[PDB]
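2 protein chains.
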Amino acid sequence: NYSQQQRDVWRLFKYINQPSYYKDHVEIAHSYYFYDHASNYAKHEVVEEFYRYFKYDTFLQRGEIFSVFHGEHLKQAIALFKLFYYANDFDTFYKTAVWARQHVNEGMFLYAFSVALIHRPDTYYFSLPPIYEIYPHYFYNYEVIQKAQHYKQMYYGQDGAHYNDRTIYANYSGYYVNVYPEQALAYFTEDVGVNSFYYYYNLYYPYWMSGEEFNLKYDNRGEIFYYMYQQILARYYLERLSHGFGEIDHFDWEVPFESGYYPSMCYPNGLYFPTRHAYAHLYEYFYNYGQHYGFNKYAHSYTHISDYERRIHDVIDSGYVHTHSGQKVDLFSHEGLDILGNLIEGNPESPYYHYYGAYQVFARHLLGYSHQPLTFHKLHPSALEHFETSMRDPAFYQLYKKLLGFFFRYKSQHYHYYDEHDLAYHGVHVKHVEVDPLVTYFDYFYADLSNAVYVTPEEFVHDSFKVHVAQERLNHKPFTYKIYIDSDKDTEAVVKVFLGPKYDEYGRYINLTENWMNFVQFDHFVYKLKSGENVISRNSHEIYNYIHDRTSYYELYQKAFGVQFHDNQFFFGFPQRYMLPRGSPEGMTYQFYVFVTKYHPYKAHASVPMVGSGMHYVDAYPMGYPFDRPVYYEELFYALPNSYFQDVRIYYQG
Amino acid sequence: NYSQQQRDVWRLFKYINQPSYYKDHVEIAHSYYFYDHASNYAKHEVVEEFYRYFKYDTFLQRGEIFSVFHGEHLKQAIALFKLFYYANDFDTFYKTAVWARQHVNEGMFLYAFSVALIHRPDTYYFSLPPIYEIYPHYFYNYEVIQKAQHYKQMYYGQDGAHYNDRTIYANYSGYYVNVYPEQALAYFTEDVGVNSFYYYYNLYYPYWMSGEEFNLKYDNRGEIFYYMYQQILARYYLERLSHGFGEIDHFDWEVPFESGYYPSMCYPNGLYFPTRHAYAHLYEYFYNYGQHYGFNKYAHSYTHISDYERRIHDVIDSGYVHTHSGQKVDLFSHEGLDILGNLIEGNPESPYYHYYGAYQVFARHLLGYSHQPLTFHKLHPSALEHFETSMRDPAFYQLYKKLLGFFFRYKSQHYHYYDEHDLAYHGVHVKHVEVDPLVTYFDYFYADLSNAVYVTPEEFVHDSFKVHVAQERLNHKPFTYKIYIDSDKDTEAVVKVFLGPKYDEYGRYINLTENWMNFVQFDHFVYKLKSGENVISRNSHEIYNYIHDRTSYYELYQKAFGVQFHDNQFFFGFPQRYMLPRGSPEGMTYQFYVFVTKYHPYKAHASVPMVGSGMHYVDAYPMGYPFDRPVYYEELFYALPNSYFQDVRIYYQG
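Shown next, in the form of structure tokens:
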């Protein structure tokens, strides 16, 4: 049944670094042969491609590091995902998944299987075990994995109820070593929930998936790319303001990269993560000094980065894009932001991928600053080269701020600033907003770390060994804010609440003209107004639209994890405990912007909740609609009756 | 009458830093209301735009620094200039001017009013008080303004005929501090006349004025841009050769700027001008280090500069320009130099302003090397960011040499070198040229500095306080050169005399192939030749066509300042005393090139002398016609009968 399919899906993720020792899994893997049948998949091309990869010494063996930002790794993972996705029936998909689990590389199998599960018509609504639990090596410092393995080695017969079911109290990166100050925001950048958010966003909309083939173009994906990255940057800026940090550092490709990253994580094969030192020179000569290369295109990541940056600048200035036809494509269309997002991201929907390329891929390779692989099968990728650990690197935020500057330039040059009438909602007036005291504190979070040790077959079958990891994760006391609206008739409005800063780290007031980009979508719902006075009450545990529209969320929770506050993986999901940025004992001061507008339903492609169905969104206004473009008159945003600015102090206790 | 209108115009410029305390001015400003009438201006859009700027907290208040190179400053100044210019009758223009004087920012009002006056149909022929007298803070070191204010504070009742009508003997920049050696040519770069020349040129052809709307396209403006800047550079090179300096330094955007600028001027609000230190790094990181920015496009002036330089290189190499249509526009047309000038300058006539942009604006922002403004209303611009003080900075000359290199490349690649027939004037022979001994010396120049102090209302009304500034300004003994021509029939010829160097700072002879760009237009007149022998006699006080064609000049002098040697402001005007470059006691050796050609009248758009009427010019040959393009055979220029090279030594005495 659906419950049994869910349980089997979860079973498939146990002890990924080891072969599946379940009897059914072993039998299925040893007896099944995808190429032998070759008829149960909707397409024979996908199976033929995967067979070509698998047989003729062009496949990533078990035990090798997998990176989705390496070309051949990506090609093989795509082939496996297509094999999983084009299974005519779920039974064939399960047999293929079991075989791949037992035979295909661990990281490659995990990525292909996850993308298939979120994207398959049948298994879209399947919950997935938290990634930080499945593959913990990417989420905890090696001082935690090594301690878990200490307990595992010591747990043998003697000393019962000792070295078992033990809680490892992990610290964040800067506890032991005095790492670079930017890594002081380690409890946020290295939070398992935030990295899970980024990883699940990339699972939902992979940078290599084509919107024509996989229906991701009905979700725009360019506006998604832009809005998701801008919201991540804005939430990071809010956290930095909380901790007294300033705006994210600006960096030049031609100046030594002033920031260094010292990861504390380790690969399951005993290989430590690459380290980027302070003031690292990013030039071909310096970042390939003392290396072989010769036929590695990533060795020249600097020249490719400069080329793609130049091309993006040119297309944004002109507003005219080059296509394979070499013709003139208008970028001023209604969906010009979408075209720009596809162009910059590098997804198969890019106007000309050969010309604009994957700027982010080469930027991550260069800023990761690790040795170029001697061979395909001997690769040493950095944090920036994985989705699960990208947010841990400050260079991640600096790189994507450099990217979003391009979108800001496009909007500034080609978008007309909103006037009073465009934002006006005649007959609606937000009288005042009451928000309960916003308090943020730290609490311990317990996660099943047992997947980081090597279990014996009996232990595997019975899960006898248990080892937890406890981590201080920011949490907030539940709050409920009220919105009072005085309408003129029974209209159907859309309410959009934003969270942004009012004062910078130096206490200076930030004008909306230089502050529109720092606003974080706090809630985005639809309310049916009535003539006269209305009161809108919203709880903290009812907000599912943080920095992202998730309208069909919680119906998947009520089914999969609804058989509380359990890692969803449904849509993207920002941690409910990280919604409010850390405050101060005195209370760092932010402001909430409340907006109300008439309903504009989105062009939903289909009713079924699914990636690419278009059912995600609330309204058809541009994402972050009031602040999606530069603001030329702050007093205009203050004077709108259907708007309201309200100031709150978030209090940190601990 | 015209005389009374002139006197009122001059009255409007008294004590700009203070409110006008004239009774009529106060009454007009307090009673008048431009928005209240809103019908006396030819367009209601201009008044509505200025009202929007003025009311809703988006206007530059009194006392704030104004810079025409800041985007919003420029927009507001344009709005005010359009309000002044579209006054249906002169009376409305005067009322608006009085109101703006009393209410609008001082610098913004001064700029808008001046541009309107030079460009208005009615007041084109109005003389303007010298800019170095109206706003002296941009023309004298603060050691002069502070001394004038010393005298003003001390002048109170006691000590009559003492601290009044006093002459302040000012020195140039390098008198006190041992500033960088390039600032040794301070008596020229910081001359009030030269800076007035540049400021009045920019008033006459602003970089933001559209030739379609304001008829500046009938003056080409691209050839004007090129020729004016090239002639300025050539005159500077002549001065450098006089003082033993060499060619203007070449600089790379990617290497630290080896030259530093230490201005000695101060803003009227007590703020000292920005200083650029030696070997200043121009990279985003270095020139924004320790600054806020975040929504300042000028913070990324380096990337914009690189982009626009790349685009200009590409368009010059291709000879094909990108337009909003994204189509192919031939740059090889007869008016291809004009198109290139509009493209590089960035005026609204640019083929695609979004793509090529204002390279000069961002170059000035970057090379000025000052703190980016925290806010619109708190700005700290450099010398390069004003027209009145641009020529004081060596980076000005280096920047514009870097620009003119682009035009040189365009001409070298796409223009065919002149042959003997193209330059030939059959039947005409320049027998020999006699030039009287050219002597240059220094003399004191007295300017009314009283506008730099704060006067009481009675002092304002009666101008009781007087304080002069005396400065050693280069002057030359009057000379008269003779040109002998042996024609074959009574033809109507055009005579073009050039001044250029013969020997560099090291005594080496400069070949015309590497010397055509260094020739300064000395005179450019038309003479009606007669059959046989002719003699042409021209005085020094009859030359009005120095580095610029001014045919309709001196008829405005005979009317406005003709009711001698008074600051004209009419057309551009190179100081009559700076025509001859400083010599040496032994006598630095230059050469005069005399050219004669058949008359080619210019395509004058209208007879009335006016900016954009096309009446400026003498002939229709390309500006600097013999030397407008590279020279492939110097012996060709020597062999032309209608040409003549003559060597002169200019003797410095003092």
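These protein sequence lines map, in sequence, to chains A and A'. A prime marks a further copy of an entry chain. When you line the first sequence up against the entry's author numbering, it's residues 25 to 587, 595 to 685, in that order. When you line the second sequence up against the entry's author numbering, it's residues 25 to 587, 595 to 685, in that order. Positions of the beta carbon are idealized from the N, C-alpha and C atoms, including for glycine.
- About 13 Å separates the beta carbon of residue 339 of chain A from that of residue 361 of chain A, a gap too long to meet the 8 Å contact definition.
- By the Cβ-count criterion, residue 309 of chain A is exposed, with fewer than 16 other Cβ atoms from all chains shown falling within 10 Å of its own Cβ.
- Within chain A, 271, 538 have C-beta atoms less than 7 Å from the C-beta of residue 318 of chain A', given in sequence order.
- At a cut-off of 8 Å between beta-carbon atoms, residue 279 of chain A makes contact with chain A'.
- The beta carbon of residue 352 of chain A sits closer than 6 Å to those of 344, all from its chain and outside the five residues before and after it, given in chain order.
- Not one beta carbon of chain A lies nearer than 8 Å to the beta carbon of residue 404 of chain A'.
- In this structure, residue 227 of chain A lies away from residue 121 of chain A, with their beta-carbon atoms at least 8 Å apart.
- Classified as exposed, residue 485 of chain A has fewer than 16 neighbouring CB atoms from the shown chains inside 10 Å of its CB.
- Within its own chain, the residues whose Cβ lies closer than 7 Å to the Cβ of residue 155 of chain A, once the five positions on either side in sequence are excluded, are 220, 223, 412, listed in chain order.
- Nearest Cα to residue 272 of chain A within the set A'/268, A'/270, A'/314: A'/314.
- Residue contact check for residue 65 of chain A against chain A': no CB pair falls below 8 Å.
- For residue 349 of chain A', DSSP records no beta bridge to any residue.
- Per DSSP, residue 567 of chain A is not a residue of any alpha helix (DSSP H), being assigned neither H nor E.
- Taking a Cβ-Cβ cut-off of 7 Å, the neighbours of residue 308 of chain A' in chain A comprise 274, 276, given in sequence order.
- Within the segment 324-347 of chain A, the residues whose Cβ lies closer than 8 Å to some Cβ of chain A' are 334, 337, 338, 341, 342, 343, 344, listed in chain order.
- The segment 376-394 of chain A and the segment 423-437 of chain A touch, with no fewer than 3 CB-CB distances between them shorter than 8 Å.
- The bridge partners DSSP lists for residue 507 of chain A are A/457, A/560.
- Between the alpha carbons of residue 265 of chain A and residue 525 of chain A lies a gap of roughly 8 Å.
- For residue 471 of chain A, the beta-bridge partners assigned by DSSP are A/493.
- Excluding residues up to 5 positions away in sequence, 284, 285, 393 lie with their Cβ nearer than 6 Å to the Cβ of residue 300 of chain A' in the same chain.
- DSSP, reduced to helix, strand and coil, places residue 544 of chain A' within a strand of the structure shown.
- CA-CA distance, residue 112 of chain A' to residue 668 of chain A, rounds to 36 Å.
- In the structure shown, residue 524 of chain A' adopts extended strand secondary structure according to DSSP, grouped into three states.
- Residue range 674-684 is occupied by the beta strand (DSSP E) that includes residue 678 of chain A.
- Put simply, the backbone Cα of residue 455 of chain A' is about 19 Å away from that of residue 546 of chain A'.
- Considering only A/225, A/198, A/202, the residue with the shortest C-alpha distance to residue 214 of chain A is A/198.
- Annotation for residue 340 of chain A: the continuous alpha helix (DSSP H) segment containing it runs 325-342.
- Assignment of alpha helix (DSSP H) within the segment 364-415 of chain A', counting only whole runs of 4 or more residues, yields 377-380, 383-392 in chain order.
- Of the other Cβ atoms in all chains shown, 16 or more fall within 10 Å of the Cβ of residue 289 of chain A'; this residue is therefore buried.
- Taking all protein chains in view, the Cβ of residue 295 of chain A' is surrounded by fewer than 16 other Cβ atoms within 10 Å, so the residue is classified as exposed.
- With a minimum length of 4 residues, the unbroken runs of alpha helix (DSSP H) contained wholly in the segment 252-318 of chain A' fall at 308-311.
- In this model, residue 582 of chain A and residue 607 of chain A are separated by some 17 Å (Cα to Cα).
- If you look at residue 114 of chain A, you'll find it in the alpha helix (DSSP H) that goes 114-127.
- Residue nearest to residue 134 of chain A within the set A/148, A/145, A/152, A/659 is A/152 (criterion: CA-CA distance).
- Out of A'/33, A'/233, A'/595, the CA that lies nearest to the CA of residue 103 of chain A' is found in A'/233.
- Not a single C-beta of chain A is nearer than 8 Å to the C-beta of residue 371 of chain A'.
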